[PDB]
Undergrad: 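Let me begin by handing over the structure; questions about it come next.
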Number of protein chains: 2
Amino acid sequence: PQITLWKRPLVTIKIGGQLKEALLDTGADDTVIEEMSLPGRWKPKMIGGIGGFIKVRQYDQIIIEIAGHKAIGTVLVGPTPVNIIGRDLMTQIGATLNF
Amino acid sequence: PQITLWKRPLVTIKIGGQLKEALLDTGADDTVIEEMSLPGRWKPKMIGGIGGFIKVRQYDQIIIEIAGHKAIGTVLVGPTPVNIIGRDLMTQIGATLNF
Ligand SMILES: CCCC[C@H](NC(=O)[C@H](C)NC(=O)[C@H](CCC(=O)O)NC(=O)[C@H](Cc1ccccc1)NC[C@H](CC(C)C)NC(=O)[C@@H](NC(=O)[C@@H](N)CCCNC(N)=[NH2+])C(C)C)C(N)=O
């Protein structure tokens, strides 16, 4: 759909069979989800944001539904202030910025 | 225009008489520009994201041109790793997320 930006672009996602709310973040290269149990093997990764760097668990090829759209890709799990859907998955659902 | 998300959505902006590259960030409530000697008064603010918080100076009614589109609003100036155009200004240029 078309999402304006007067409110945070929050969407419902389904990951690991669990529903969550996440923010479509064009400023995120990656997808970072709050600490949770996720089925699959993972690798320790460090990612940076506005305030610094954090350690995350990198899960590859994770199936996730974002606003009713399917994406299968890298999901980082860690102490992020909010669940964020980055460009790696936004490109999968055909999301573009327009003005 | 339409901006795909294969790459970081960087656009040219003009603020305080300077041209800079900024990231269109739908996950940013506010706009934060790299440290620059902007005149006028401001008030201290702390903004956070992945990794923690950074202290910035908050300037109100700052005019910024984003990819040729004029906007006027609140701009935070501080030690940000990249110039970020948030929702407060993206709404002014009529930017939407589409998929
Ligand atoms: C081996 C490579 C591994 C990959 C790894 N990649 C990264 O770290 C890349 C660059 N990081 C990013 O792209 C990260 C997101 C995490 C991620 O994608 O991994 N992006 C980001 O963190 C971008 C800004 C940014 C972009 C690029 C570089 C640096 C910074 N911000 C994302 C973020 C989303 C938010 C909901 C948590 N928004 C914000 O941080 C903004 N914050 C907000 O909008 C609010 N929290 C308001 C602040 C609080 N207000 C207050 N106290 N009154 C801020 C910019 C004003 C590399 N570093 O190591």
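Atoms within a ligand are numbered from 1 in the order they appear, just like the ligands themselves. Every heavy atom of this structure was used, including side-chain atoms; hydrogens, water molecules and symmetry mates were not. Chain A is the first sequence line, chain B the second, and so forth, proteins listed ahead of strands; every chain is numbered from 1.
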Undergrad: Donor-acceptor pair, B/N83 side chain versus B/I33 backbone, under 3.5 Å?
TA: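 It does not hold such a pair.
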
Undergrad: If you look at each N/O of ligand 1, which protein N/O atoms lie under 3.5 Å away, and at what distance?
TA:
| unit_1 | atom_1 | unit_2 | atom_2 | d |
| --- | --- | --- | --- | --- |
| ligand 1 | 6 (N) | A/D30 | OD2 | 3.4 |
| ligand 1 | 8 (O) | A/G48 | N | 2.8 |
| ligand 1 | 8 (O) | A/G48 | O | 3.1 |
| ligand 1 | 11 (N) | A/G48 | O | 3.0 |
| ligand 1 | 13 (O) | A/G27 | O | 3.4 |
| ligand 1 | 13 (O) | A/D29 | N | 3.0 |
| ligand 1 | 18 (O) | A/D29 | N | 3.0 |
| ligand 1 | 18 (O) | A/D30 | N | 2.7 |
| ligand 1 | 18 (O) | A/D30 | OD2 | 3.4 |
| ligand 1 | 19 (O) | A/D30 | OD2 | 2.7 |
| ligand 1 | 20 (N) | A/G27 | O | 2.9 |
| ligand 1 | 31 (N) | B/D25 | OD2 | 3.4 |
| ligand 1 | 38 (N) | B/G27 | O | 3.1 |
| ligand 1 | 42 (N) | B/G48 | O | 3.0 |
| ligand 1 | 44 (O) | B/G27 | O | 3.4 |
| ligand 1 | 44 (O) | B/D29 | N | 2.7 |
| ligand 1 | 46 (N) | B/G48 | O | 2.9 |
| ligand 1 | 52 (N) | B/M46 | O | 2.8 |
| ligand 1 | 59 (O) | A/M46 | O | 3.3 |

Undergrad: Does the side chain of B/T31 reach to within under 4.5 Å of the side chain of B/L76, using non-hydrogen atoms?
TA: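 No, their side chains stay 4.5 Å or more apart.
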
Undergrad: Restricting to non-hydrogen atoms, name the atom on A/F99 and the atom on B/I3 that form the minimum distance, rounded to 0.1 Å.
TA: CE2-CD1, 3.9 Å

Undergrad: Against A/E21, only a single residue in A/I13, A/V11, A/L10 fulfils side-chain contact (heavy atoms from CB on, under 4.5 Å); can you say which?
TA: A/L10

Undergrad: Enumerate, atom names and distances included, each donor-acceptor pair closer than 3.5 Å involving a side-chain atom of residues 49-68 of chain A, sequence neighbours excluded.
TA:
| unit_1 | atom_1 | unit_2 | atom_2 | d |
| --- | --- | --- | --- | --- |
| A/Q58 | NE2 | A/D60 | OD1 | 3.0 |
| A/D60 | OD1 | A/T74 | OG1 | 3.1 |

Undergrad: Which value, rounded to the nearest 0.5 Å, describes the distance between B/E34 atom CD and B/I84 atom CD1?
TA: 11.5 Å

